[PDB]
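**Q** Sharing a structure, written as structure tokens. Questions coming.
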Amino acid sequence: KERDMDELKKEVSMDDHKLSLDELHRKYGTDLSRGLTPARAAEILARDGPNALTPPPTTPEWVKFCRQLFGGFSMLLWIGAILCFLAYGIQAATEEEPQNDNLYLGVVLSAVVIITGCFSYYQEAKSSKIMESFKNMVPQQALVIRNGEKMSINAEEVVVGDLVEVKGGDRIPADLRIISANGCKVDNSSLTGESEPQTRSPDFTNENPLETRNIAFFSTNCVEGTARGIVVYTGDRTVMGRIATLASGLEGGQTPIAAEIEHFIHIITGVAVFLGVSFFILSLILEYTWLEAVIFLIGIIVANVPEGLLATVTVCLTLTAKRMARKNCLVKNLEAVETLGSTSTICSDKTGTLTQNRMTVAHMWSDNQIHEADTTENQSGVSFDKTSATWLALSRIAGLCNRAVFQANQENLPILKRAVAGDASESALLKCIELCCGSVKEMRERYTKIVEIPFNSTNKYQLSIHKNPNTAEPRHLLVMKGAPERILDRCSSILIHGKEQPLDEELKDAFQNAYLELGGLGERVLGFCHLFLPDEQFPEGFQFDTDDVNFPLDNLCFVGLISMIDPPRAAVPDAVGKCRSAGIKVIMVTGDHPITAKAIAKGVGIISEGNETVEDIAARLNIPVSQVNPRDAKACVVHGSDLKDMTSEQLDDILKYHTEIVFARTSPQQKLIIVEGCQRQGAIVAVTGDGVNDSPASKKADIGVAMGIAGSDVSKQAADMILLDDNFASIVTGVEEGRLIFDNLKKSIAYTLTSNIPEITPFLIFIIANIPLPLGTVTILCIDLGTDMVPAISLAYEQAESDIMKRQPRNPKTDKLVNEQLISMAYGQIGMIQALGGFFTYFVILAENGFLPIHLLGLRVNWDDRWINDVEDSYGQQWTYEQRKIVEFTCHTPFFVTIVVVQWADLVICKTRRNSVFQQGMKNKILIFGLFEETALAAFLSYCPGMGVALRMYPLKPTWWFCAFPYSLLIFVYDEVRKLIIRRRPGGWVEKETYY
Amino acid sequence: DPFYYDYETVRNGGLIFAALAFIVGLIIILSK
Amino acid sequence: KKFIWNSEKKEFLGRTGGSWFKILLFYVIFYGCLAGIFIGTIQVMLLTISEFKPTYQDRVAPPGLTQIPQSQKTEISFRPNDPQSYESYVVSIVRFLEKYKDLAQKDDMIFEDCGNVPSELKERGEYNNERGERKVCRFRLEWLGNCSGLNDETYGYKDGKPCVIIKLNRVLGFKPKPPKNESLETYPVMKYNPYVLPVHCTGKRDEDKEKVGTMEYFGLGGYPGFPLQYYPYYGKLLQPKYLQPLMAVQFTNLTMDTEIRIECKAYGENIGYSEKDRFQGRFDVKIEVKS
Ligand SMILES: C[C@H]1O[C@@H](O[C@H]2[C@@H](O)C[C@H](O[C@H]3[C@@H](O)C[C@H](O[C@H]4CC[C@@]5(C)[C@H](CC[C@@H]6[C@@H]5CC[C@]5(C)[C@@H](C7=CC(=O)OC7)CC[C@]65O)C4)O[C@@H]3C)O[C@@H]2C)C[C@H](O)[C@@H]1O
Ligand SMILES: *[C@@H]1O[C@H](CO)[C@@H](O[C@@H]2O[C@H](CO)[C@@H](O)[C@H](O)[C@H]2NC(C)=O)[C@H](O)[C@H]1NC(C)=O
Ligand SMILES: *[C@@H]1O[C@H](CO)[C@@H](O[C@@H]2O[C@H](CO)[C@@H](O)[C@H](O)[C@H]2NC(C)=O)[C@H](O)[C@H]1NC(C)=O
Ligand SMILES: CC(C)CCC[C@@H](C)[C@H]1CC[C@H]2[C@@H]3CC=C4C[C@@H](O)CC[C@]4(C)[C@H]3CC[C@]12C
Ligand SMILES: CC(C)CCC[C@@H](C)[C@H]1CC[C@H]2[C@@H]3CC=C4C[C@@H](O)CC[C@]4(C)[C@H]3CC[C@]12C
Ligand SMILES: *[C@@H]1O[C@H](CO)[C@@H](O)[C@H](O)[C@H]1NC(C)=O
Ligand SMILES: [Mg+2]
Ligand SMILES: [Mg+2]
Ligand code: NA
């Protein structure tokens, strides 16, 4: 019945917050100013569980070890091993003196799967280990009022229905129902996604508990002020608790790379069973009984299984993952590194992921001119002109009249990431003055504050009077700040380049239009003014006791406006542009206000400059929005209030007809709905988030991208990729590597798939022509698991033949990893030439030793026999058993060498899919060593003292090393001219049939 | 006799070549 | 998604008709060129070898020593009474010696009477074709006494005390060199050390050597070996219907109903041995005349 549980969790949350104080206290049975008695608290403590989310489901290490021994590729090698032991049992019990080939091969295949499992498991475990070193869970205590007394206890020791007080800086313990607040502003950024610090009022405001102000939430931190509240939800029942539990209980899906592996195996086994079955029937038609035919069937089918391709593909993915870890782009999954390259739609989170999630001074209005300060996360943008007296006055008003200061350890920290105490706005102002105005320490103590006036609840304004230490005027300096609509009512003078002017409407109206520019831009504006008090009417000894009119509220001198907003990260704009260049649909998904989300989207690249929304067209035409046609607007903003009242078809239409979509005010569950809707299109979706709301979206997506520091722990665990550096450009690096390794994998696969033809064809003609075995099993193992390992791995180091960040995302149903073109090239043409070269070397060796190639027909009947020591060759000679068998093994060895020789040119041609060998060039040093090591290793396997005794690999006469050279040259020439025609004729014959 | 092949010299040369090409490849991946 | 068989827009098994024809034609021409290339190179390879001599002859350095009853495991198990028990042996013996009858060697243009006494080697010029088809020295069945007879179509052989002739592996240009007169303990043999390749049989351990009581050898003129007048061999092309020397070995005093091992080792300087090939130089047999 877990289906019903997950379904009841996918629904949006509900509440009873909208209740009178008497009704809430009667429902919960709790005093309003004293809470409850401690015995009652302990009774609820041992009633439902401590206030802490139940730990995640522990994953034992033996479970995931066995997991890495299975899947799809490893499963194929497993059935191969099982078939080896099956054929071995049939050969053991049925015939005299059976051979131990199938048994050697069975144990070897089993070992391959086990070793690959150990390697892959060690990699995934390494990533999980460095991830465990990131849990910096600091036990935080809550301030609870019980029995009429305040006490700080463990957050787990908190229960339902009791008074809880929170101070500005304290994290909200559990979900509270605000009962009495005083200037309280909480941060709901990690949960609902609201950027600016949302205030919390005890009075019920919105039907939606997320938008209301009388509710404190789990994992939300009180920015400023103090507040009181009764605990309504506790533990997992909390909002973020149900969110985390939902994220853990969601499906992960099938990665595109794994699906491609499945398709590859389908074709491999398809042709394997076709050849095995048709040859089984052929063998029974010839003369072989059911026994021998079954053995041949298993041999042919298992031979068509790339034994070494598992490890090579795994190591390829591991190498790319290594590069991901070097750039602090960790992947918890070994194959999630590829998912970026297959992505075609990125559902990004705004606050925290796209933006820096921090209020920062954006623009200023000085001398009737707008000045854009540097808003990057590391200070690398343009700086304004800081040389005018207007800027000095404005910066002094900001640095002096503000309730923001640094702390004790804020020394060796940058001006941005350092900690500030007080309001978020005041923190932004303090950082801007500490950055573009020198420092604020000596700047604030130089003007000793006499009397201050903090911000008022109504008719907002913040002012203060300071002493002026200038060596020209001893008059007092009065400063004030506030909302522009509040400062325009308390001003008459205007500052311009140093001198004052009246409040002339010719420039005052310009001030209003500039205010509308900054406000309509999704920013919060604040006006700053100051005035010199007449020292003749207020001497240097008079104290301006704050009770009556001692400061001229009007006739002040306004200097300029100072706006602020959460800016996007540094490489975020460029990165977004890159993703749109690669052909990826960037969709913003957030629960923030639309007025800010639209501006941020225009600022990052999700909304192009020129495109208009469905509302923008009507606004431009001064007509109702119901008149315009949605097809005329390429972009659209979707409000969460309207998203709840939607069907699947409507969302499908929204996505299909609108290229730039901005989902705003979306609940966490609705974020999951957005991701599922994008997945219904059949495309690959990637979700980049940070808050707890992005946990289900990152879990259900094909790949979740979380921030290493600015992201909540829940969404960081439910994601598949972590950015320890929080650099969004890593997404771009990701989509580059995914496609890169994908294409390289194609190459690396084709290579190993090419050697299968010369590995099986000797046995096939051994069955047809009844000639001695041209290629033994041990030599085949020396090829698949010996020499070709380094060339196949070096093929993963291949670079981009063209700009991959220019092409569109691969289509899932069209661009498959392994298609008929790849098989037509490897199994059809190249592997064929390699097989012919092997047979050439075979016939050459046998004919030169006295067995003419024509004389070998039907000779296996007397060859495989161990007692016929007088087999007549072509020159009338009588060959004993071990003599001709020595020739057969000294024929298997150069056959293997021949395979290496053709693999030289095969590696070179597979290195370049479309470009030429001369275009790409042998710059891949790892590949060069692949050829050198492969060649030297083959030579060692043939000439080491005792190879013919241990591996039955007898030494070779030097002429055999040249028996395959023309075949390799021909392979290289044919594939080179093929690529040449692919270049000159990018039409269809040489491109749609061979280019794989 | 023409029925005797100096397999020892060929094997020796094969081993020398197998060592030279391998160490040269090691120098290849080490561009310094 | 696996019913891509056909459609009204022309597709068969996955692709159209015109595409199937284009691909089939390309593969036919491609594979035709590949086959022609393999055939041309294999022809060049055929032109690099001669017709009168194999290029490499080192893999047959130590000559073998085979027998007439090509047993399944070099074992001779039969019944001295049941004629069908030893039919598989006699059949192969008669088929082997069918080319040694006096009627088979009747043409004087291809056969040459070597002699009743083993003489020196007979070198008939070089291995080229400048000379005509060389002559082959005759070897009548009468040389193998007590194991040839003048029987009918079926060679009535020995039921009790069987016969097992040995044969030296025919090798082109091989000149047998018997051991020097300084024989390093070669198991009593005749003093005809210079013109015959000796072959001596024995048991294998203290048990087999005791069970096998007496052995009688038969050869050209009565010598246990191969005469040098029949060597060297000049290939099947220049010497067709060639008859290599034969030498019979009979085990008179055997312990019936007991499997005993016999090792017939051929001695000589140009005769090597091998611990891996029990047939190179030496020869093994497991006789068991169960009554
Ligand atoms: C009754 C009658 O019996 C008479 O004896 C006969 C009779 O029993 C029939 C008997 O046939 C055997 C023999 O040909 C050997 C033959 O090996 C082939 C299949 C079995 C082996 C083990 C082998 C090496 C190669 C090996 C296959 C088994 C399959 C392989 C592992 C396969 C691979 C799979 C892979 O993944 O990589 C390669 C390709 C080929 C392969 O490498 C090749 O398997 C056959 C089943 O031969 C005997 C000599 C005597 C007398 O006449 C008497 O009266
Ligand atoms: C071949 O077999 C015959 C038997 O058919 C052997 O002839 C016997 O020889 C012994 C001496 O060894 C005589 O005492 C017997 O009288 C002979 N019997 C007959 C019927 O002739 C003959 O010895 C055998 N030949 C060899 C070389 O062993
Ligand atoms: C042939 O072998 C037999 C043994 O099968 C020999 O005769 C035996 O001699 C021992 C004494 O050494 C006696 O104890 C046995 O009773 C004898 N058995 C038979 C059946 O006679 C015989 O001497 C051997 N003959 C030759 C010529 O080697
Ligand atoms: C039967 C076969 C071997 C003959 C085919 C001719 C081949 C071997 C010749 C024909 C044209 C030649 C190429 C012509 C073009 C290029 C680009 C140039 O900037 C460097 C030389 C290079 C890389 C040549 C290499 C050898 C080449 C491919
Ligand atoms: C196409 C070219 C550039 C590749 C360069 C590698 C070629 C030239 C090398 C690689 C392996 C080499 C062979 C290595 C082993 C043997 C055995 C040795 O005792 C004699 C030399 C001989 C017969 C070599 C001949 C040259 C050879 C084929
Ligand atoms: C070998 O030596 C013996 C005497 O020891 C002698 O009778 C015989 O003729 C010699 N044979 C040869 C070929 O020298
Ligand atoms: Mg293979
Ligand atoms: Mg966020
Ligand atoms: Na996932």
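All chain C residue numbers match Swiss-Prot; in order, they span 13-303.
Positions of Cβ are set from backbone N, Cα and C atoms, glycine also.
For reference, Swiss-Prot lists these features for the protein:
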TRANSMEM  C:35-62  transmembrane segment
TOPO_DOM  C:63-303  topological domain 'Extracellular'
MOD_RES   C:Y101  phosphotyrosine
DISULFID  C:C126-C:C149  disulfide bond
CARBOHYD  C:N158  N-linked glycosylation site
DISULFID  C:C159-C:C175  disulfide bond
REGION    C:191-303  region 'immunoglobulin-like'
CARBOHYD  C:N193  N-linked glycosylation site
DISULFID  C:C213-C:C276  disulfide bond
CARBOHYD  C:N265  N-linked glycosylation site
**Q** By Cβ distance under 8 Å, which residues at least 6 away from the ends of the transmembrane segment (C:35-62) in the same chain are close to it?
**A** 27
**Q** Going by DSSP, how much of the region 'immunoglobulin-like' (C:191-303) is helix, how much is strand and how much is coil, in residues?
**A** 14 helix, 35 strand, 64 coil
**Q** Round to the nearest Å and give the CA-to-CA distance linking C:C276 (disulfide bond) with C:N158 (N-linked glycosylation site).
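**A** For C:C276 (disulfide bond) versus C:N158 (N-linked glycosylation site), the Cα atoms are 19 Å apart.
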**Q** Can you figure out which of C:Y101, C:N158, C:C159, C:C175, C:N193 (the recorded positions) comes closest in space to C:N265 (N-linked glycosylation site), comparing Cα atoms?
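**A** Result: the closest of the recorded positions to C:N265 (N-linked glycosylation site) is C:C175.
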**Q** Counting other Cβ atoms within 10 Å of each residue's Cβ, which of the disulfide-bonded residues C:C126, C:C159 comes out lowest?
**A** C:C126
**Q** Roughly how many angstrom lie between the C-alpha atoms of C:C175 (disulfide bond) and C:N158 (N-linked glycosylation site)?
**A** 9
**Q** Taking Cα atoms as reference points, rank the recorded positions C:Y101, C:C126, C:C149, C:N193, C:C213 by distance from C:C159 (disulfide bond) and give the first.
**A** C:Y101
**Q** Measure from each Cβ of the recorded positions C:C126, C:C149, C:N193, C:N265, C:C276 to the atoms of ligand 6 and list the residues where some distance is under 6 Å.
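**A** If the test is a Cβ under 6 Å from any atom of ligand 6, the answer is C:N193.
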**Q** C:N193 (N-linked glycosylation site) has how many other Cβ neighbours within 10 Å of its own Cβ?
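**A** C:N193 (N-linked glycosylation site): 8 neighbouring Cβ atoms within 10 Å.
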**Q** How long is the line from the C-alpha of C:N158 (N-linked glycosylation site) to the C-alpha of the residue listed as 'phosphotyrosine', rounded to the nearest angstrom?
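**A** Spelling it out, the Cα of C:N158 (N-linked glycosylation site) and the Cα of the residue listed as 'phosphotyrosine' are 17 Å apart.
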**Q** What is the interatomic distance between the Cα atoms of the residue listed as 'phosphotyrosine' and C:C213 (disulfide bond), given in whole Å?
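**A** With distance taken Cα to Cα, C:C213 (disulfide bond) is 20 Å from the residue listed as 'phosphotyrosine'.
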**Q** Would you pick out, from the glycosylation sites C:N158, C:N265, the residue whose Cβ has the largest number of other Cβ atoms within 10 Å?
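**A** Buried the deepest by this measure is C:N158.
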**Q** Can you list which of these recorded positions (C:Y101, C:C126, C:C159, C:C175, C:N193, C:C276) have a Cβ closer than 6 Å to ligand 3?
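**A** With ligand 3 as the reference and 6 Å as the Cβ limit, the list is empty: none.
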